[PDB]
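The data below hold one chain only, encoded as structure tokens and taken in the form deposited in one PDB entry.
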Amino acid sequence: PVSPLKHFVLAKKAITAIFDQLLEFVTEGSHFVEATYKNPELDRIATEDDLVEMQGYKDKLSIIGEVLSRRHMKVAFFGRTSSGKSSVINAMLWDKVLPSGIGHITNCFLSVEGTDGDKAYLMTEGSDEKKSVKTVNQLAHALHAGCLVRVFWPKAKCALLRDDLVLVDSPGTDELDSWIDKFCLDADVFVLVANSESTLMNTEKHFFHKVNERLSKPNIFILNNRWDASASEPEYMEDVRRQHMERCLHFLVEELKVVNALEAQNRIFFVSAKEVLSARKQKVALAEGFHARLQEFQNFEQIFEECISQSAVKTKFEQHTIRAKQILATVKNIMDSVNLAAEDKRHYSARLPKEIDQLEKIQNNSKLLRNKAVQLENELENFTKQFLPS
């Protein structure tokens, strides 16, 4: 039962390894191009612009590797006040990481990410201080288009955080474009948490219309929470479920048009975050239907993990994969140009045996480097076949 999130972890490892190799190769290639261009006994075998191109690639490949090394999956939770957003997050983390109450903050966000340490802490904006998580409920938020508070929870205690997932908790939806710009541009999945004792509201729909306008084919899940409230009323529950399904299906399929009606079955769930957290927190007869609701939450979790791991690998690693392929194609063109100029010179105007031998060594080293580029192209093609479907 391997978590689907390992797909993202393995992709991240693979592409960072390629970019480590690419920086090493381009550095070696740049030294060769530089030596060839700067040789006073050679004329226009390598050009000044060949060297400028190689040096420019060299100078930007380290930051690509560093950016890749921090890439992660992000899920953002939205919904009306008291719908259960924080409890859904806590259930997925197997602990009461986030508190309840304090629902008055109208514009500030909270994220949870993994720490390699063994103690939880938080950090506020523009600060490096590791503050006790028990101060979450005391942060003033006076002046605040709000702020982000970052919670760090030991990776050893939650597999999701170990596998590079970050979870974002939001204020109640009841300028929004500022929310999208500041928190949503790199979110891979959006989760709408709704009170199943109510009805899906237009204020929540409106926010996801804005997301859908700003982003292409966003991944959206709807969790109809507090489903324990109709336990022991199975006939009533059946009818409420039908009504919720009709409205949630129409929203995802007909209004947002982000899934077809079959796909939507894997995006709408009926759960009790309270029950799930109680079952998972370490250290009375269960309500009717408890195990069925727990299984439904576990089904959501599996489908969510599959969705976010596939989506984030494409969203976050494809552009630099395509860029690496372009860089390699250009480096090969430079090696082709150097080899061709050396061979032309050898056959057109080279005279002394020592000059001929010098040109032949330039040819040989340019081919060694070109073959290295081809091998890295093969690694990127393998990465594309494994991790980047059309």
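From 1 onward, residues are counted along the sequence shown. Whichever C-alpha set is largest while still superposing within 1.5 Å between the two forms counts as the rigid core.
This protein has a second form, the form deposited in another entry, left out of what is shown; the following refers to that one.
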Fill in: Rigid core superposed: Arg162 CA moves 2 Å or more between the shown form and the other one
no
Worksheet item: Taking the rigid core as the frame, does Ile105 move its C-alpha by 2 Å or more between the shown form and the other one?
Response: yes
Worksheet item: Does the distance between the two CA positions of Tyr121 reach 2 Å or more between the shown form and the other one, the core being superposed?
Response: yes
Response to the item:
Under comparison with the form shown, the C-alpha atoms of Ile105 and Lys274 in the other entry shift by 3 angstroms or more, placing them closer
